[PDB]
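Chains as they are written, first to last, in the entry's author numbering: chain A, 823 to 828, 849 to 870; chain C, 533 to 580.
Encoded structure:
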């Protein structure tokens, strides 16, 4: 987790949407 | 001038709608009209 890592709400303010997953991490 | 609620903001002729809260950018003193990645008017200096 800690290794693989990457505004967001700003491009949200253009029509963007990032739906959340149905299987959150803990469950996975 | 009204703040912290949605108005069809019309500043210096330029317009749009949104909720205007505060500001921190501190335009290089001469600078007037703010912009962001899409430039999308990310600030304005109320010039009243």
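Yeah, the Cβ is synthetic: ideal placement off N, Cα and C, and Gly gets one too.
| Asked | Found |
| --- | --- |
| Under 9 Å between C-beta atoms, does residue 568 of chain C make it to chain A? | yes |
| In angstroms, rounded to a whole number, what distance separates the CA positions of residue 568 of chain C and residue 870 of chain A? | 37 Å |
| Look at residue 542 of chain C and residue 564 of chain C and say whether their C-beta atoms are less than 9 Å apart. | no |
| Bridge partners for residue 538 of chain C per DSSP, in chain order? | C/551 |
| Considering Cα atoms alone, identify which of C/553, C/576, C/547 is closest to residue 561 of chain C. | C/576 |
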